[PDB]
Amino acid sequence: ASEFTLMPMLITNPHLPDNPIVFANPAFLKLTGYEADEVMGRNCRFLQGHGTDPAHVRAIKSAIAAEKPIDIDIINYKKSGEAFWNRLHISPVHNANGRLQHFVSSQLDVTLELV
């Protein structure tokens, strides 16, 4: 049966409108309290909320638009509403031919480090 990295991971498909999540591993679903069918097909921004710094969101949007990687700590929210610091690593995935195919991320709850 399936096994995945124990680090939270998402893959999104930028060929679909709004770059939706197409894969979330069980580690991400454990981290955020969501079900796979609640996260797949959505842009990851649903994790943000009233405490999320708009500057962080713009830095991510910028890196994505540039197809560059970004490492950023951002305030996000579990399904329960519980706020946490999410250490986000986002990378584009480019084919050997150079064309953008996916984005992939690592996520980690770093609340205990920052608070």
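When you see a residue number, it is the position in the sequence shown, counting from 1.
- Across the two stretches, 33 to 41 and 58 to 66, the PDB entry reports the greater mean Cα temperature factor for 58 to 66.
- According to the PDB record, 84 to 92 carries the higher mean C-alpha B-factor of the two stretches 22 to 30 and 84 to 92.
- Ranked by Cα temperature factor within the chain, residue 97 sits in the highest third according to the deposited record.
- In the deposited entry, the Cα temperature factor of residue 79 sits in the middle third of values across the chain's modelled residues.
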